[PDB]
Amino acid sequence: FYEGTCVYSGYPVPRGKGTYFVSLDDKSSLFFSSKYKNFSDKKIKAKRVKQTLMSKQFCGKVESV
Amino acid sequence: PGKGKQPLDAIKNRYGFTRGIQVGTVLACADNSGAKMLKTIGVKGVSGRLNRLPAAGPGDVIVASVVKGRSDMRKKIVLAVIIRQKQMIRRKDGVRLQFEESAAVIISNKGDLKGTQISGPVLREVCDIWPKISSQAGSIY
Amino acid sequence: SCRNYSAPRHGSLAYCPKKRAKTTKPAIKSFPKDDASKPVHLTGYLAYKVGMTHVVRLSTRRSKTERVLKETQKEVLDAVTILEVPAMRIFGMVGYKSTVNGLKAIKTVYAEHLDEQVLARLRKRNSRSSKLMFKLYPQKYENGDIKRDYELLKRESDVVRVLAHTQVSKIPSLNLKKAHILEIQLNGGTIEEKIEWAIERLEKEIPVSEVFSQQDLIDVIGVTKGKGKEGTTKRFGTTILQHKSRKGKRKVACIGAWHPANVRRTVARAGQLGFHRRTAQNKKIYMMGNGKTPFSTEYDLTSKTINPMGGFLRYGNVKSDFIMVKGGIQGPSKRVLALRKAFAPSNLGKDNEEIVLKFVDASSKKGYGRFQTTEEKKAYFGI
RNA sequence: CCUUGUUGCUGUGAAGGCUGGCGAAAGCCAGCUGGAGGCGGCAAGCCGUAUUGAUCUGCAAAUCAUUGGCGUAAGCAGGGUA
RNA sequence: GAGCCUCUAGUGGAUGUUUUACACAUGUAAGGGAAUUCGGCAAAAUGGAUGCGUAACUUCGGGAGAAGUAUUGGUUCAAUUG
RNA sequence: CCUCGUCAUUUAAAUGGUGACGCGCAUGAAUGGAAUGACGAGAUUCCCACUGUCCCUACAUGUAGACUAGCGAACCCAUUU
RNA sequence: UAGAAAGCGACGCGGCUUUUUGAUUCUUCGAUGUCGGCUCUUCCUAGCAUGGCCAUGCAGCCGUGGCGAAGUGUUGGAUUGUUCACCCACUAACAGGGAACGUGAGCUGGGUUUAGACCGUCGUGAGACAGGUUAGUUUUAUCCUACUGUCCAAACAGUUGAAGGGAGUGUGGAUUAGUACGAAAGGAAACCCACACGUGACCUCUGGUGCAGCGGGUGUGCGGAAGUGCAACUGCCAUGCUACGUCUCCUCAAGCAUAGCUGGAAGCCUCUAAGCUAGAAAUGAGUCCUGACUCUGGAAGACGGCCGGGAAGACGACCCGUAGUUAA
Ligand SMILES: [K+]
Ligand SMILES: [K+]
Ligand SMILES: [K+]
Ligand SMILES: [K+]
Ligand SMILES: [K+]
Ligand SMILES: [K+]
Ligand SMILES: [K+]
Ligand SMILES: [K+]
Ligand SMILES: [K+]
Ligand SMILES: [K+]
Ligand SMILES: [K+]
Ligand SMILES: [K+]
Ligand SMILES: [K+]
Ligand SMILES: [K+]
Ligand SMILES: [K+]
Ligand SMILES: [K+]
Ligand SMILES: [K+]
Ligand SMILES: [K+]
Ligand SMILES: [K+]
Ligand SMILES: [K+]
Ligand SMILES: [K+]
Ligand SMILES: [K+]
Ligand SMILES: [K+]
Ligand SMILES: [K+]
Ligand SMILES: [K+]
Ligand SMILES: [K+]
Ligand SMILES: [K+]
Ligand SMILES: [K+]
Ligand SMILES: [K+]
Ligand SMILES: [K+]
Ligand SMILES: [K+]
Ligand SMILES: [K+]
Ligand SMILES: [K+]
Ligand SMILES: [K+]
Ligand SMILES: [K+]
Ligand SMILES: [K+]
Ligand SMILES: [K+]
Ligand SMILES: [Mg+2]
Ligand SMILES: [Mg+2]
Ligand SMILES: [Mg+2]
Ligand SMILES: [Mg+2]
Ligand SMILES: [Mg+2]
Ligand SMILES: [Mg+2]
Ligand SMILES: [Mg+2]
Ligand SMILES: [Mg+2]
Ligand SMILES: [Mg+2]
Ligand SMILES: [Mg+2]
Ligand SMILES: [Mg+2]
Ligand SMILES: [Mg+2]
Ligand SMILES: [Mg+2]
Ligand SMILES: [Mg+2]
Ligand SMILES: [Mg+2]
Ligand SMILES: [Mg+2]
Ligand SMILES: [Mg+2]
Ligand SMILES: [Mg+2]
Ligand SMILES: [Mg+2]
Ligand SMILES: [Mg+2]
Ligand SMILES: [Mg+2]
Ligand SMILES: [Mg+2]
Ligand SMILES: [Mg+2]
Ligand SMILES: [Mg+2]
Ligand SMILES: [Mg+2]
Ligand SMILES: [Mg+2]
Ligand SMILES: [Mg+2]
Ligand SMILES: [Mg+2]
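Going down the list, the protein sequences come from chains A, B and C.
Heads up, the final residue of the first sequence is numbered 54 in our numbering, and it's a clean run with no missing numbers.
Heads up, the final residue of the second sequence is numbered 151 in our numbering, and it's a clean run with no missing numbers.
Heads up, the final residue of the third sequence is numbered 1098 in our numbering, and it's a clean run with no missing numbers.
1) Taking the DSSP output, what are the residues bridged to C:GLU920?
2) What number of angstroms, rounded off, separates the C-alpha of residue 70 of chain A from the C-alpha of B:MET83?
3) Any C-beta of chain B within less than 9 Å: which residues of the stretch 716 to 739 of chain C qualify?
4) By how many angstroms is the C-alpha of C:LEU956 removed from the C-alpha of C:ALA968?
5) Can you find a C-beta in chain B that's less than 7 Å from the C-beta of C:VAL791?
6) Taking the runs of the beta strand (DSSP E) that are 3 residues or longer, which of them lie wholly in the stretch 869 to 954 of chain C?
7) How many angstroms separate the CA atom of C:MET767 from the CA atom of C:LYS1081?
8) Using only alpha-carbon positions, find the residue among C:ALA820, C:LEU867, C:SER1018, C:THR905 that is nearest to C:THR1008.
9) Could you please tell me which residues of the stretch 17 to 44 of chain B, in chain order, have their CB closer than 7 Å to any CB of chain A?
10) How is the beta strand (DSSP E) around B:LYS78 delimited, first residue to last?
11) For A:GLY5, which residues in chain C fall below 8 Å Cβ to Cβ?
12) State buried or exposed for B:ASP41, treating a residue as buried only when at least 16 other CB atoms are found within 10 Å of its CB.
13) Tell me which same chain residues have a C-beta within less than 6 Å of the C-beta of C:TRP912, skipping the five on either side of it?
14) Spatial neighbours of C:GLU799 within its chain, please: C-beta separation below 6 Å, excluding the five flanking residues on both sides.
15) Check whether the stretch 915 to 933 of chain C and the stretch 800 to 808 of chain C are in contact - that is, three or more C-beta pairs closer than 8 Å.
16) Along the beta strand (DSSP E) that carries C:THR775, what are the first and last residues, could you check?
17) Kindly say whether B:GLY104, judged by its beta-carbon, lies nearer than 7 Å to any beta-carbon of chain C.
18) Just checking: is the beta-carbon of B:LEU60 within a distance shorter than 7 Å of some beta-carbon in chain C?
19) According to the Cβ coordinates, are A:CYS(-5) and A:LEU19 closer than 7 Å?
20) Based on the DSSP secondary-structure assignment, which residues constitute the bridge partners of B:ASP41?
21) Between C:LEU897 and C:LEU761, which are expected to be in contact by the criterion C-beta below 8 Å, what is the C-beta distance as a whole number of angstroms?
22) Under the rule that 16 or more other beta-carbon atoms within 10 Å means buried, what is B:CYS39, buried or exposed?
23) Once DSSP output is grouped into helix, strand and coil, what is the label at C:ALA1057?
24) Name, in chain order, the residues that DSSP records as bridge partners for C:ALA794.
25) Out of C:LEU834, C:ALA894, C:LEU847, C:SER845, which has the shortest C-alpha to C-alpha gap to C:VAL1051?
26) Between the alpha carbons of C:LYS909 and C:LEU901, how many angstroms are there, rounded?
27) Which residue wins for smallest C-alpha separation from C:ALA983, given the options C:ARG950, C:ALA1094, C:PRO853, C:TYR1014?
28) Considering only C-alpha positions, which residue in the set C:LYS789, C:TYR825, C:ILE861, C:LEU818 is nearest to B:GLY104?
29) Taking Cβ-Cβ distances shorter than 8 Å, what residues in chain B pair up with A:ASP15?
30) Using the three-state DSSP reduction, which class does C:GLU866 fall into: helix, strand or coil?
31) Cα separation between B:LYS15 and B:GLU110?
32) Under 7 Å between C-beta atoms, does C:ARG1085 make it to chain A?
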């Protein structure tokens, strides 16, 4: 069982962990931890954070769609 | 129970979430009635203990005064329902939520809404105990 | 003069004086009422605290008066504690007699062969002994002293209890070579039946499945975590004083009036906190199982043991039988606890409901645990 | 009262001066030069507002920390004399 | 001749123990933001230089750094103080 | 003095602040009277920003403190408490 | 609305209290720190809410007068140095008091009440004024006793229970039900579920903290790079600790006020004179914490130090290990 997939990191989230953040734009979004939520606020682009699943796919280190 | 000025006739069950909003808190108004900002002066249902400030969560009814809005409406006392909150909440299923900004919506003594449209997202649990809010909210979460 | 505003007291006087417990192992001091109408059964056991995890269960509990038509079912997430319970071994019995001064012990009788683990409790320092402990007692079997002893117990007794020890050698993480010994009461039938039931079982092993089953309510007795000497702010919960005060803010300001000219026992003072005996009533058994047989739910079709990835932090892996119970339990990992059948049955609706599990969490307790098995980790990373 | 010692860095830009424009005149407007003041921010120093802070069998029969006021001058100081 | 870091030249002892509570010098804090208290006391916030833009009143000197806003590192070039 | 004077404004709420009024216990003209500018570590009220002052406390650092070696006092004292 | 007495009760008369202010001067002038607030504990009842009842000008809803009862509650703010007062908001309700006008080697220092200075009124003046205004140093426990924990009196293993402590309180929703009751308008009465305050524990989750660990930049040192000192800044974060997180809290017996049964005195009557039944958040026990004197057992060796650890800790004490799934 999973809670979902983290918006910023790309990481799958275990049941009973993480949090949803809801913006006034009306969108609901899931984050793995406080670490990656804060990186969003500070406008760090995910592709530069080299341990993320997003970054690894973009570089072609991991096979993706 | 109905005592004093501005009594409430339409009591409902509380949920046990954390209480982010307390006396002194200024918060936005979400409806189209013409008020813009509300200043919290009291909470319904609170019996109190020494040195503690009264506090509320989503679904609770607050007493407030209108500090921004149209001229006919300012410096008057009014009742409102809390629809979203910036402090974190935990559902009994274990899911946790947090909104970007807190807000409330104005009601009559009988629990009827003052306006006709509500800006932005609203918490699911509120729509379970205040059914009229479901009709005119932006999105439900 | 009377004080200006009303307020409640700080802390409960039901637990004063709050002194330190004498030793870490508790005796069950009170047992539920006997009833001659039922078969002979045991009333308690010993267990070791492993650690905590969480589970998801299905529920359907609602007000009987709620007018909703649909049979609503809902997921609930709950925290649970795991206890390890290897089989205890029976090694003797005691009879008691009722007097104007309460219960008094008549005689104690021991098995012919006793284990090294139990003899080790009788000496103080383990590695320095001549081991001439029980070596002359076996003659009493030849002499008929045992047969005279049983006669006296059977003739003159009101209450009968067995002596049992735990097999510490099965739990290596304890670093312990002396067994723990507990006296456990027998309820049901008559004195004669109780004595015969006991005699049949000296030297043998009783599994936990004799005493408890799933969904049962039980009482847990233990000693809490220790916290050393502490001030009034933490020991009794009193408020901190004004920010600009000289001579310290974390204290009670006034400790009495002029008369009486002494300090009362009801005023808060600094001292020991923690390491006290406490009993938790009516906790419910969610599951019973074994540390090395995998299990599954109707919904989670993975097959896994109770052990999380990397084990529990300062314990490792469960190997024997285990019980799982709702909520938190006294003391740190590795402490001994006493389990008892509930003293009286509960009327509360939250206690008497069924339990149906759909998921149990097995992720790592060190750091953020993000996989449920080694197979998932090997699949997420390469190769 | 007599004889001596002690002004480093910066801001603002008075009087006086030179060009260009406007005006019938009187004299108005720009840009630059010049460097006045018991005039501003600071340094070395001199002082003593707050914390009713520390200390109160003190380091000390009046001290210490942070925070403050003035610092191109009815400013601070040694010796001789009344 | 500020604070911070180095060269020349000069420098130091009541012993061991990881050491509860309460202190005295300091750090950080979800949501709320003076509700605290005689009283925002203490703390936080603002901060240099460059440009844009600056009110009432006034003894016409001032107010004025009014207020309010934007910019600032490394590298490689043009141009010569912009 | 009566007095927390009356009316307006500031707050949800004003023994406070500012604006008006005046038979002023007992205002008033170098015993100096009245209206402003620039300047006060002077007294007082409000707003914006900001915050452990507070709700309601939690965790961590240095130095003392506990225990130990060497050195080694005083206030006070009818005392049986 | 009839009517002394549901509720009131003129004109008069008898008491109790010490929480107001007087009256008096017995104790202290080789010194008992003086108003208010903050903090914290206990007691009283003349009962505001919450539980059981009786009367009614008690239809129902809301009330009013009385009885046994002190277990649990009685709040957040604006002006003011205030106790007091007066308003706003919440509430089941926002009762009244005592303990050297409780509480300064517990704090604070706004008021009053030393020495500076202004104003008004009084005085020829020096000066006065329970008139107004502003600035004005809060010392010392290391003694005895109390109180809170700690060891010994009490070899080791298993227990017993004398006596002392004590704990859960309240609100709402749904259902009965738009029912009974009332001309109508209005409008009640268990069980179950949600919550708040209080109590005791716990870290699986989520916040917080950053001592161990990994990274980044500014000024200046070790010829460069690499490894790095000092001034200190900054992003993440194990274990642990913590609340803004999670779990927790009823059952008997004897009986108060009352309302009843049988029943004489007193052929009738009658709750009482003997005897019996129902009876409160109150009382006494159990479940919960502390643990006096005891009781049962093994064996010619036992136990303490020294050495090494922690789940325990101020120091002692407690839990453990020493030729082994021992340590490095
Ligand atoms: K962080
Ligand atoms: K008092
Ligand atoms: K007991
Ligand atoms: K100049
Ligand atoms: K001082
Ligand atoms: K010294
Ligand atoms: K130099
Ligand atoms: K320099
Ligand atoms: K204030
Ligand atoms: K005040
Ligand atoms: K102060
Ligand atoms: K002019
Ligand atoms: K100005
Ligand atoms: K007034
Ligand atoms: K006013
Ligand atoms: K006059
Ligand atoms: K005059
Ligand atoms: K004159
Ligand atoms: K001044
Ligand atoms: K420390
Ligand atoms: K020391
Ligand atoms: K005197
Ligand atoms: K005083
Ligand atoms: K009553
Ligand atoms: K009471
Ligand atoms: K004092
Ligand atoms: K003692
Ligand atoms: K012996
Ligand atoms: K008792
Ligand atoms: K945790
Ligand atoms: K943590
Ligand atoms: K150096
Ligand atoms: K964390
Ligand atoms: K009875
Ligand atoms: K008792
Ligand atoms: K012997
Ligand atoms: K040791
Ligand atoms: Mg208070
Ligand atoms: Mg501590
Ligand atoms: Mg002080
Ligand atoms: Mg963990
Ligand atoms: Mg010069
Ligand atoms: Mg000057
Ligand atoms: Mg200097
Ligand atoms: Mg001077
Ligand atoms: Mg002062
Ligand atoms: Mg904060
Ligand atoms: Mg914040
Ligand atoms: Mg206050
Ligand atoms: Mg200040
Ligand atoms: Mg004021
Ligand atoms: Mg005026
Ligand atoms: Mg005059
Ligand atoms: Mg008196
Ligand atoms: Mg004295
Ligand atoms: Mg005397
Ligand atoms: Mg005294
Ligand atoms: Mg009474
Ligand atoms: Mg007093
Ligand atoms: Mg005192
Ligand atoms: Mg004063
Ligand atoms: Mg004076
Ligand atoms: Mg002064
Ligand atoms: Mg570190
Ligand atoms: Mg090993």
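Backbone N, C-alpha and C fix where the C-beta goes; we use that ideal spot for every residue, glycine too.
By the coordinates alone:
1) When DSSP reads this structure, C:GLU920 sits in a beta bridge with C:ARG804.
2) Here chain A comprises residues numbered -10 to 54, so residue 70 of chain A is not present and cannot be evaluated.
3) Within the stretch 716 to 739 of chain C, the residues whose Cβ lies closer than 9 Å to some Cβ of chain B are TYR720, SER721, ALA722, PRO723, listed in chain order.
4) 8 Å
5) Yes, because at least one Cβ of chain B sits closer than 7 Å to the Cβ of C:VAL791.
6) 874 to 881, 896 to 902, 932 to 938, 941 to 945
7) 13 Å
8) C:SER1018
9) Close to chain A, meaning a Cβ-Cβ distance shorter than 7 Å, is no residue of the stretch 17 to 44 of chain B at all.
10) That run of the beta strand (DSSP E) goes 71 to 79.
11) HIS769, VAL771, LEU792, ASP1076
12) buried
13) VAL755
14) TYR763, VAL765, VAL1033, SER1035, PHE1037
15) yes
16) Counting along the chain, C:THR775 falls outside any beta strand (DSSP E), and DSSP gives it neither H nor E.
17) yes
18) yes
19) yes
20) B:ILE128
21) 6 Å
22) Around the beta carbon of B:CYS39, 16 or more other beta carbons lie within 10 angstroms, which makes this residue buried.
23) coil
24) C:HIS769
25) C:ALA894
26) 7 Å
27) Minimum Cα distance to C:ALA983 is reached at C:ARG950.
28) C:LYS789
29) Residues of chain B with a Cβ closer than 8 Å to the Cβ of A:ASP15 are, in chain order, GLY130, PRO131, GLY148, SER149.
30) helix
31) 34 Å
32) yes
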